[PDB]
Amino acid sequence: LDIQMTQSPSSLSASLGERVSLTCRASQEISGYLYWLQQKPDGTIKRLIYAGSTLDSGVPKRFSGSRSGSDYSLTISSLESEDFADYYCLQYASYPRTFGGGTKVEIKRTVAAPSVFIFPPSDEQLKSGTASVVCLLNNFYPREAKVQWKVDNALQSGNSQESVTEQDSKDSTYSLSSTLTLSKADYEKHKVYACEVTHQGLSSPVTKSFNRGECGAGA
């Protein structure tokens, strides 16, 4: 019935400059009617290959498509940071059109310690009744990172959420935000807000903090 497209590997982490190949096997004969697409973190999808080996005119030469019987491959001759993305093959020999499960292509790079920044809540937000304290871990690698919050030296729990970006297209690093949310009352009753960051790139935890009294600067 429907043609199943088995894409492998599901995740492929590779060093910069490495030759990498993604594979898609069709459960049926697709006679070279295989399509490859790239989807960047922002959701943008672009055609890479069609007819199994025909390269889209707007795609760099490092990309190539090949067929080995029932096995179809997408190869990147030398991995570049901007190749970080999700890749999918797509059979169009018959209907329904079916896609491979995709491959998340991750970039291995050197360790990079994060730059840590802290932001006190804006007075504008305070007038609202809630206070958001933002801690930023910028451009680090690997992704593994620990962020803890301390308010007047007391470790916080359950009142923070973090978000992490996908690897940067230019330097393959990650950035992470940790947001501490408190009521205005609670924010005003405490003084020292500290963000403690632990990361492989740091020999010892990095603590960035501010005194609400000093505003969030040097008053």
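Residue numbers run from 1 along the displayed sequence.
Looking at mean Cα B-factors across 83 to 91 and 123 to 131, the upper value is held by 123 to 131.
Of the two stretches examined, 48 to 56 and 161 to 169, the record assigns the greater average C-alpha temperature factor to 48 to 56.
In the PDB entry, the Cα temperature factor peaks, among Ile30, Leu180, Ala154, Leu37, at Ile30. In the deposited entry, the Cα temperature factor of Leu202 places it in the highest third of its chain's modelled residues. In the deposited entry, the Cα temperature factor of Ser209 places it in the middle third of its chain's modelled residues. The PDB entry assigns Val20 a C-alpha temperature factor belonging to the middle third of its chain's modelled residues. Per-chain ranking of the deposited C-alpha B factor places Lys61 in the highest third. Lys191: CA B factor lies in the lowest third for its chain, per the PDB record.
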